[PDB]
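One protein chain, two forms: both are listed below as structure tokens, the first as structure 1 and the second as structure 2.
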Structure 1
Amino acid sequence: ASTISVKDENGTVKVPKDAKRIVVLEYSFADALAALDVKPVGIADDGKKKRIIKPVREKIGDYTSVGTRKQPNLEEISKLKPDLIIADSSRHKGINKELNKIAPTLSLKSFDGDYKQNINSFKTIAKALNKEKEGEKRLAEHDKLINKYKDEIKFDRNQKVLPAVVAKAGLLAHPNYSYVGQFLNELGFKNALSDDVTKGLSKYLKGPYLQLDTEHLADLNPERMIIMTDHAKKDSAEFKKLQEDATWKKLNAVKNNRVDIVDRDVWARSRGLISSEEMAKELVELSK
């Protein structure tokens, strides 16, 4: 037997050539596998299978939950006897050793990665599986759709945007170095957050997700906003209190009718080729 050496975030990992059983510890690595018609046996899916977007979910089929992304359950991982574990370079720094005792571990950008880096992690997975060819063609299909949709989005690009989650209790802004933000940058948009106001702002779980006081909100006064939510009725008790707040009402985007509410699973959690493809289709349909 032999190996394929692959550069992960730490350094060169030795992945078995025959790698058949894969545990993945972020949704985005589950999207990468699906796009190479490879199906993992384990997913850290927060116990919530529906957080795996539709085209991925049905292309993966039936798998085993290894628990939360934040705290993957090591005995369920072990029992699955994976030939390879794809872990997040941010989320799982602390279980990296204990993952390697189970199986050779590829630590990659996901949670703290912007749009390009997540795509870089996809290429790394494809090389590790020896599917470079499929990988390039899928990306070539990807680079086409995205740019196609980019040419059809009828929003004016000069109206700066703030993408945010209203966390519980929020707000969390997604800057230019978040997945959403850069993806919007790649589509032509300018983040309302300047690459200098973000200087401070505390981070959420070490990722590019930045706590904003309602007064930071008013100061930057974005011209467009994109609020990511998990509520099917796009309601949220949390968000409705923000909409009553006098200082929210005075925002430029609120007053010029340019607030779009979208699905957080799809926009923020997924971080895959398919999910960006839905994000860009949406934005064409929202542009009208």
Structure 2
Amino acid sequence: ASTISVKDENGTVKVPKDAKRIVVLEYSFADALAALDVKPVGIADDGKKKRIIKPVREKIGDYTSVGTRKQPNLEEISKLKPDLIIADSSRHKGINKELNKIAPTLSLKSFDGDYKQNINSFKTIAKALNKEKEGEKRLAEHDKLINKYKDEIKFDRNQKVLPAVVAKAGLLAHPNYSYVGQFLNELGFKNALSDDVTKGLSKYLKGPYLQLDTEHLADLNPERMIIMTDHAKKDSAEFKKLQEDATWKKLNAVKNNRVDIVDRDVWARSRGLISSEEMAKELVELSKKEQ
């Protein structure tokens, strides 16, 4: 019974050459398999089918939920009798021993990976499935599309951008080395959170993100903000108090109509080829709206 050796975040994994039925524990891995014409048999979808971005969700069709990404249901994983499990190298360290009793398990970056690392995980998945050629073709198409959208995005790249989610009193900002920050850099944007800026705000770190109160937002005063919220809504209680705040109203991005509220599932959680294409496409559209 022969195998393909690949490297994951824990070292070598021997993936059976007959691996066809695969459980995935992050959204990006579901996107990877859909791109390769493989339908996962189980997905940790948080009990929320709509968190799987629509084109991916529609290509995959029916699957079995294995619960939350934080705490996947190992009983449900075991019941599926998968050939292979694809787990997140940050979220799933604690369950790794248990997963490997169920099936060969790949531990790959998603949750703590940037844009290029999530691309690296896709390549590892393609190799593991004996679909290296198909993966190369798909990535060439992806890169061509991203570059086409880059060229179609009309925004002035000298307007520095702050990507963030809403938290506490202020914003929880994604710095320049995050998934979203790096993807914005790939599209030619300049992150307002430069290395020096982030260094001078580091006492505000909460894990990899920076907690910015309105005082610190005012000091940074980015020309442009991209605010990722559930359902791309702007009327949540947290966001409301922020939007009604006096320092908020004086911000350059606010005064000049350069704050865009975008979908958190697509922009922050998906981390796939389709979702990044959609994020770039959305920036094109936003840039072409009446000035």
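The first residue in the sequence of structure 1 is number 1, and each one after it adds one. Superpose the two forms; the largest set of C-alphas matching within 1.5 Å is the rigid core.
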- Would you indicate whether the form whose entry title says "open conformation" is structure 1 or structure 2? 2
- Task: With the two forms aligned on their rigid core, point out which item of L171, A103, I153, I95 shifts its C-alpha by 2 Å or more between the two structures.
- Result: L171
- Message: For a quick test of reading the superposition: does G207 move by 2 Å or more at the CA between the two structures, rigid core aligned?
- Response: yes
- Would you say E75 moves its Cα by 2 Å or more between the two structures, aligning on the core? no
- Would you say whether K50 is displaced between the two structures, judging by a C-alpha shift of 2 Å or more on the superposed rigid core? no
- Message: Once the core is aligned, what is the C-alpha displacement of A237 between the two structures? Give it in Å to one decimal.
- Response: 1.9
- Message: Using a rigid core fit, what is the CA shift at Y63 between the two structures, in angstrom?
- Response: 0.3
- Message: Rigid core superposed, I'd like the Cα shift of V197 between the two structures in Å.
- Response: 4.1
